[PDB]
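Below: one structure, written as C-alpha cells.
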Amino acid sequence: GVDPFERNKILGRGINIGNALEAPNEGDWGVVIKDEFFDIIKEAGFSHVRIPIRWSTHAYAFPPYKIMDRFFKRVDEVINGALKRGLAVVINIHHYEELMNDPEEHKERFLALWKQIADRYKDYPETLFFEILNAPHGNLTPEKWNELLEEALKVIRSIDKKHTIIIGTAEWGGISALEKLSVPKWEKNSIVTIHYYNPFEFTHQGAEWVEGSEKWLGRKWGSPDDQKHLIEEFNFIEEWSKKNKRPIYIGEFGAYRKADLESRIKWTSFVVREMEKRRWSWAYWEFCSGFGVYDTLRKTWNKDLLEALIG
Ligand SMILES: OC[C@H]1O[C@@H](O)[C@H](O)[C@@H](O)[C@@H]1O
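Residues 2 to 312 in UniProt numbering are what the sequence shown spells out, letter by letter.
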C-alpha cells in the first residue's frame with residue numbers, strides 16, 4: 002500500500018558517486034567512497050545519492066552464486082553512511098557485462114544476486130530504493146529485458162513489498178527503447194528511470210570508453226532548435242509516463258569534463274529545469290570524477306554547475 006509517486010518526490014534531486022563501486026574493484030577507477038562525502042552532498046542540499054554497484058565481480062560464479070561478505074559488508078558501510086546525513090539512497094546492479102552479452106547464461110545468477118540483496122536489506126529505511134539493472138544493452142534486447150525485469154520483480158517482492166523498485170530501459174537506458182518498455186500490471190510500487198545524455202556527442206565528447214567519440218571533442222551547447230529537440234523527447238517521456246501510470250526518475254545525466262564549462266552549465270541547467278517542470282526525480286552523473294561537480298583533492302564545488310543542479 003505505497004504510493005510510488007509519493008516515493009518519487011521523497012527521492013527528489015540527488016547524485017551519483019560513480020567510478021567507485023561499479024569499477025572492477027573500488028578505487029580501480031579513481032574514486033573511493035569516503036563517509037565524509039555524505040556530509041558534502043547533504044549540506045549541499047541534495048535529497049539522495051545513487052550508488053552504482055558491480056556485484057557481478059564480488060560474487061561466486063557457481064551455484065548458488067553467493068555474494069562475498071567483505072564486499073556485502075562494504076555496501077552496508079556505504080548505505081547507512083548516506084542514511085546518516087538523512088539522504089535517501091539508490092543501489093543497483095551495475096556493469097554486469099556478461100549478462101548483457103549472454104543474458105540467458107547469466108539470468109539465473111542475476112536473479113540470485115537480487116534474492117540475496119533484497120533480503121540483506123529488506124527491512125532497511127524505506128528511503129532506500131532498488132534499481133534492477135543499469136542500462137541494459139547488447140543482446141539483452143528490449144523484448145528480452147521485459148522478461149528479465151519481470152522475474153527480478155518476482156524475486157524481489159517475494160522478499161519484500163516495502164521498497165520502491167527502479168526499472169530502467171533497454172538499448173543503453175535512454176529513450177530509444179522506452180516505448181518498448183513493459184512493466185507488469187501487478188507491480189504497483191515502481192519508478193521508471195531513464196539516462197539522459199541525448200546530445201551524446203556533446204555529453205560524451207572524448208569518452209575513452211566510447212569508440213569514435215574523438216569526432217565529438219570540442220562541441221558546445223546552448224542553441225534554439227537545440228532545445229526544441231530535447232523538449233520533444235522530454236514530452237515523449239512525459240507522454241509515456243502519463244499513459245503508463247509510472248513515475249520517472251532521471252537516474253543519470255551529465256556532461257563529460259572535456260566539454261567547456263559554459264555549455265556544460267547551459268545543458269545541465271536546461272535539462273534540470275525541464276526535469277523539474279515535469280516533476281521528475283533525478284541524479285547528476287557523478288560527484289567527483291571525470292564528470293564531477295566536486296573536486297575531491299581541493300575541496301571546492303563548481304558552484305555554477307552546482308547552482309544549476311540545486312533548484
Ligand atoms: O558509458 C557512458 C555512461 O553510460 C551510462 O549508461 C552508465 O550508467 C555510466 O556509468 C557511463 O559512464
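Note that CB positions come from ideal geometry on N, CA and C, so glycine has one too.
Two segments are said to touch when three or more pairs of C-beta atoms, one from each, lie closer than 8 Å; by this definition the stretch 259-266 does not touch the stretch 5-23. Nearest neighbour of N20 by Cα position, chosen from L100, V33, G13, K10, turns out to be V33. Remark: the shortest separation between the CB of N135 and any heavy atom of ligand 1 falls under 8 Å. Segment contact: the stretch 228-236 against the stretch 292-309, fewer than three CB-CB distances shorter than 8 Å; contact not assigned.
Membership of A89 in the beta strand (DSSP E) is indicated by the continuous run 89-94. Taking the Cβ of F292 as the reference point, at least one heavy atom of ligand 1 falls within a distance shorter than 8 Å. Taking the CA atoms as reference points, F131 sits about 6 Å from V91. Leaving aside the five residues that flank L114 on each side, the residues in its chain whose CB is nearer than 7 Å to its CB run, in chain order, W56, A60, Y66, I68, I94. When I118, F201, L149 are compared, the shortest CA-CA separation from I54 is found for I118.
Beta-bridge pairing by DSSP links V50 to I16, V90.
If you compare the alpha carbons of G255, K108, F201, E127 with that of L12, the shortest gap goes to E127. About 18 Å separates the beta carbon of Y257 from that of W283, a gap too long to meet the 8 Å contact definition. Boundaries for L154: no beta strand (DSSP E) harbours it, while the alpha helix (DSSP H) harbouring it runs 143-158, taken from the DSSP string. For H196, the enclosing beta strand (DSSP E) covers residues 191-196. The distance from the Cβ of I238 to that of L179 is about 7 Å, consistent with a contact at the 8 Å cut-off. Taking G15 as reference, the option from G213, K35, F201, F39 with the minimal CA-CA separation is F39. As DSSP reads the structure, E132 sits in a beta bridge with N93, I167. Only residues of its own chain outside the window of five on either side were considered, and among them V90 have a CB closer than 6 Å to the CB of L129, listed in chain order. When secondary structure is reduced to three states using DSSP, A119 falls in the helix class.
Separation of the CB atoms of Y198 and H205 is rounded to 6 Å, and the pair is thereby assigned contact status at 8 Å. Separation of the CB atoms of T269 and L218 is rounded to 19 Å, and the pair is thereby denied contact status at 8 Å. In the DSSP assignment, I249 falls within the beta strand (DSSP E) that extends over 249-253. For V211, the shortest separation between its Cβ and any heavy atom of ligand 1 lies below 8 Å.
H138 sits away from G82, with the two beta carbons spaced by 9 Å or more. Contact annotation: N190 and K216 have beta-carbon atoms that are not nearer than 9 Å. Each of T170, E109, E202 was checked against the Cα of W146, and the nearest Cα belongs to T170. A153 and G252 have their C-alpha atoms some 19 Å from each other. In the same chain as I168, and ignoring 5 residues on each side of it, the C-beta atoms closer than 6 Å to its own belong to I133, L150, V184, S191, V193, in chain order. DSSP places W56 in no alpha helix (DSSP H); its state is neither H nor E. Counted as a single uninterrupted DSSP element, the beta strand (DSSP E) harbouring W283 occupies residues 282-285. Taken atom to atom, the span from the alpha-carbon of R51 to that of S224 is near 30 Å.
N17 counts as buried, since at least 16 other C-beta atoms from the protein chains shown sit within 10 angstroms of its C-beta.
Sequence-distant Cβ neighbours of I41 in its own chain, meaning closer than 7 Å and more than five residues away, are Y295. Approximately 6 Å separates the beta-carbon atoms of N140 and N102; this is inside 8 Å, confirming the contact.
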